[PDB]
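Read off the chains here:
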Amino acid sequence: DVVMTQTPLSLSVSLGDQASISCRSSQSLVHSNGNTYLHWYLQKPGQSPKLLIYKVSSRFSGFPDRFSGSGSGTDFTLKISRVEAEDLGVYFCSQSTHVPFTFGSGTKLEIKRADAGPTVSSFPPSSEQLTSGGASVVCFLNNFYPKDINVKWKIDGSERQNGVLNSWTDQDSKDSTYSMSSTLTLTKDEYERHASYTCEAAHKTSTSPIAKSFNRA
Amino acid sequence: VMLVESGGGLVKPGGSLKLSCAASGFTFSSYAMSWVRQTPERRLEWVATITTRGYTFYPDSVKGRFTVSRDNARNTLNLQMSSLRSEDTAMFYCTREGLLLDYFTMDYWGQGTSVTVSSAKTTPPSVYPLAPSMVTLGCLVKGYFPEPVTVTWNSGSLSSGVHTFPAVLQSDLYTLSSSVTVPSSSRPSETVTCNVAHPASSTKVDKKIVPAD
Ligand SMILES: C=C1C[C@]23C[C@H]1CC[C@H]2[C@@]12CC[C@H](O)[C@@](C)(C(=O)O1)[C@H]2[C@@H]3C(=O)O
């Protein structure tokens, strides 16, 4: 098959700045008819791919002129001038000159903004859950920047990793922020066995870790 | 151009499934259509294409198992899948080969329909409330299978300040949380409720967030 590579895999640009994504083809994408069917899709968080540019440089009249495509043969580039928040997401290049039709892994586009502290909130198990014999303690690390962050749980002062599930969201396009949730699940039996429960987050914006906790007692 | 996929679901290995793609906004019969799936690793992989005159073609990884087809009268693209295998699970989209009189290239993509091939059995979710200038509340949707699940607040009203995280798998059950932030005065003054829908198990669950005692 025809392998489609992309570069870079990640990218964080400041608004009003220009972003440049490259796509490398294992074979010339020039069709015997002379056309070059290489295209660029953009899949915004939680959405499906949108055709941005096709046949190397044609703008799928949907998107603006700040989106431009170029290249030839096996090398192609996409540039986004005066970047906007709505631009964040995953950019994919694709080829239709050859069957099977293939896509590249994509390139993530992040927006560069001012560091922002997380708004962590801890939530004791819910009354309904405990009746089921289960106990989950949730913690939210909302709207922070950069994406880099660390979460640490401690039961009565001791770090716990078993029964700790984590999830991160994509960069938000309304504020260029990031959010994370963490859940420490354990049986009611063990839950009612401890007094202190804590969620500890280490982030760039603060020297000492942002700690939130509560006591079952 | 409107493409809406449907029929996604959970099938056991070796099982079969029939996906549909309803089309509107363009002369469906004068376009080749295709199916592309996005893997959990998020890779897009073409899976089938049908021609205007009915010619059909696919990649070897799928030959003898999938069959594209079209119902021009009903304006529907179809995808019949047999001998499904665990590595088949993915989000399936129908795409249109839009460059009318000039070679293959995908125009529009549909909303996508989710399909999980696994031995794990579908399980309803348990929806627990998460209550404590700005206040944050949440909901814990836990122990369900398979994906997906929709979470809305106040029947869709509260949009801003919402964080529905991606569900995580710890066994054969998923679990996800969704948070919502509102002005302190907003609650418990006004009610805040999370509505959770799990099509697989045919289950809807509303949970009004009340103060804890
Ligand atoms: C093997 C095929 C299938 C083709 C012709 C040829 C190459 C490109 C395809 C399309 C792609 C674009 C149009 O939908 C189409 C109607 C067209 O003009 O070209 C398609 C046609 C078909 O399905 O009958």
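That block above? That's the structure.
This text gives an overview of the structure that appears in the document. (Residues numbered from 1 in each chain as written, not as in the entry; some residues may be left out. Chains lettered and ligands numbered in written order. Heavy atoms only, no water.)

Points about the overall build of chain B
Scanning chain B from terminus to terminus reveals zero helices and 19 strands. The buried share among the 213 residues of chain B stands at 50%. Counting every atom, chain B has about 9,800 Å² of accessible surface; 51% of that belongs to carbon and sulfur. The centroid of the 18 positive side-chain charges in chain B is displaced by 5 Å from the centroid of its 15 negative side-chain charges. (Helix = DSSP H or I, 4+ residues; strand = E, 2+ residues; numbered from the N terminus. Buried < 20%, exposed > 50% of the residue type's maximum accessible area, 1.4 Å probe, protein only. Areas by Shrake-Rupley, 256 points an atom, 1.4 Å probe, with all protein chains shown as cover. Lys, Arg positive; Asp, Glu negative; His and termini not counted. Charge placed at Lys NZ, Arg CZ, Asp CG, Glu CD.)

Quick word on the overall build of chain A
Regarding its fold elements, chain A presents two helices and 19 strands. Over its C-alpha trace chain A gives a radius of gyration of 23 Å, far above what one expects of a compact globule, namely 17 Å for 217 residues. Taken over the C-alpha atoms alone, chain A extends approximately 75 × 35 × 25 Å along its principal axes. Counting every position in chain A, which comprises 217 residues, the buried fraction comes to 48%. Of the contacts formed within chain A by residues at least 6 apart in sequence, a portion of 58% connects residues at least 24 apart. Accessible surface, chain A: about 9,400 Å² in total, of which carbon and sulfur atoms supply 44%. One way to put it: in chain A the 21 positive side-chain charges average out to a point 3 Å from where the 20 negative ones average out. (Rg over C-alpha atoms; globule rule 2.2 N^0.38 Å. Contact = heavy atoms within 4.5 Å.)

Description of the sheet that holds strand 17 (residues 178–187) of chain A
Residues and elements named next belong to chain A. In space, the four strands of this open sheet follow the order 12-13-17-16, with antiparallel pairing throughout. The strands lining the two open edges of the sheet, one partner per strand, are strand 12 (119–123) and strand 16 (164–168). Strand-to-strand twist in this sheet, taken as the mean axis angle between neighbours without regard to direction, amounts to 15°. (Pairing = 2+ DSSP bridges. Axes fitted to C-alpha atoms, helices over the stretch in contact; angles between N-to-C directions.)

Section: the site of the ligand
Residue and element names in this part refer to chain B. Taken together, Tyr31, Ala32, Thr51, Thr52, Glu97, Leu99, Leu100, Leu101, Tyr103 and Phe104 are the residues near the ligand. Interatomic distance of 3.1 Å between a backbone N/O atom of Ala32 and an oxygen atom of the ligand. Between the ligand and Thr52, the relevant distance is 2.8 Å, taken from an oxygen atom to a main-chain nitrogen or oxygen of the residue. Taken by itself the ligand offers 470 Å² of open surface, and the protein chains cover 72% of this. Residues that form the shell around the ligand fall into these classes: seven nonpolar, two polar and one charged. (Near = heavy atom within 4 Å. Polar contact = N/O pair within 3.5 Å; in protein donor to acceptor, adjacent residues only side chain to side chain. Nonpolar A, V, L, I, M, F, W, Y, C, P; charged D, E, K, R; others polar.)

Looking at the nonpolar core
Inside soluble globular proteins, nonpolar side chains tend to come together where they are buried. Grouped together as the largest cluster of nonpolar side chains are 27 residues, with contacts concentrated most on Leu19, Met33, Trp35, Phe66, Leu77, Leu79 and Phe92 of chain B. Secondary structure elements with two or more residues in this core: strand 3 (17–24), strand 4 (32–38), strand 5 (44–50), strand 7 (66–71), strand 8 (76–81), strand 9 (90–97) and strand 11 (113–117) of chain B. Broken down by element, this core gets its largest block of residues, four residues, from strand 3 of chain B. Excluding residues that lie within four positions of it along the chain, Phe92 of chain B makes contacts with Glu5, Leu19, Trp35, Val36, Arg37, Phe66, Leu79, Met81, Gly112, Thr113 and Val115 of chain B. One finds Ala116, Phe144, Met180 and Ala201 of chain A within the second-largest nonpolar core, a separate group that totals 22 residues. (Core = buried A, V, L, I, M, F, W, Y, C linked by side-chain atoms within 4.5 Å.)

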